[PDB]
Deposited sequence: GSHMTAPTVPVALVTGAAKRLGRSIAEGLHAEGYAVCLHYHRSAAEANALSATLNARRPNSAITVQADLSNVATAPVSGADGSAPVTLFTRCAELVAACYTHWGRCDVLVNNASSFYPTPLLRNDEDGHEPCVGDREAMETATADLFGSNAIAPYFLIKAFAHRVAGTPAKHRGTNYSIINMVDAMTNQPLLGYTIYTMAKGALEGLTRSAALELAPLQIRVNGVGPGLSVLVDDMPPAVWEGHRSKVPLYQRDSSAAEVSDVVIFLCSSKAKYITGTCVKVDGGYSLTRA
């Protein structure tokens, strides 16, 4: 009776608001983290205090690399994340692919580039593929009679990547791949009634002289969004209200994509 969400990069910022919002709706929440161990553990205790046995935390590098104990592939670590929900609670109804690295990969003007490829592509595109695969296998290997009634996968994409940010080619490619995954997984998982949608923020919860300048670009309100302005949309899309939506991406950008230089 209590559904389970797995939220990647759940420790802070938008991933934390997504986990908080799903939890508010009655979900048990698997809080994935990579480096933010203290934040993830504090968030868990907050939600477990509000509602016993309502949250767990699991650590994984979603980079496209191996990790030592066979060195452990990204694939294995992805199946293991999904397995953690099944092991704790016997289900996993919602997957939010939120975790994402983001930093410049300039084409113009070290082995960091292999590091960058692995990290940006892994977190943003390849781990989402492997997570959705493990998610879908687990639904597929549940007898029909016992399947949940509202399986939902949300990919966090980017409303502004048709208007790329100068110098972020690999990240922009990765988001594009992610949008690809949304359409391909919606089509292919439809027979198991698993919906696959994207949410794309424009500017959200910006870190002062420059904050002010970015803020002023947004037609609506001339500010970046709050975390909850994004997560409320994620929450709606996972709801039974949205049960006819799949294969689609929703921009939550204040009209930022409508602007031109």
* Regions of the deposited sequence not represented in the model -> 1-7, 77-83, 124-135, 234-237
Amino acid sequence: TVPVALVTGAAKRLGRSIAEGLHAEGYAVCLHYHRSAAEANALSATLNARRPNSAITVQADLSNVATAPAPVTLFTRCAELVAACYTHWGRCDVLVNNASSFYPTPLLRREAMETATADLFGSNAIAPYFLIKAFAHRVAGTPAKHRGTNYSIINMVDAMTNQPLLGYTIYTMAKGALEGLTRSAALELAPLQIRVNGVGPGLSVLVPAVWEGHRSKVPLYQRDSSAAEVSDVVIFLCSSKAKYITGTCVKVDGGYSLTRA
From here on, numbers count along this sequence of modelled residues.
* **residue 211 dropped from a third or more of the other entries of this protein** => yes
* For the stretches 88-96 and 144-152, which has the higher mean C-alpha B-factor as given in the deposited record? -> 144-152
* Determine, for stretches 175-183 and 160-168, which one has the higher mean CA B-factor as deposited. => 160-168
* Asked: When the CA B-factors of 228, 234, 38, 70 are compared as recorded in the entry, which is the largest?
  -> 70
* **Most elevated Cα B-factor in the entry, residues 199, 56, 220, 66** => 66
* Asked: Lowest, middle or highest third: where is residue 17 by C-alpha B factor in its chain?
  -> lowest
* Lowest, middle or highest third - CA B-factor, residue 252 -> middle
* To do: For residue 83, return the chain-relative third of its C-alpha B-factor as stated in the PDB record: lowest, middle or highest.
  => highest
* Modelled-residue ranking by C-alpha temperature factor, third containing residue 240 -> highest
* Asked: Where does residue 123 sit by CA temperature factor within its chain: lowest, middle or highest third?
  -> middle
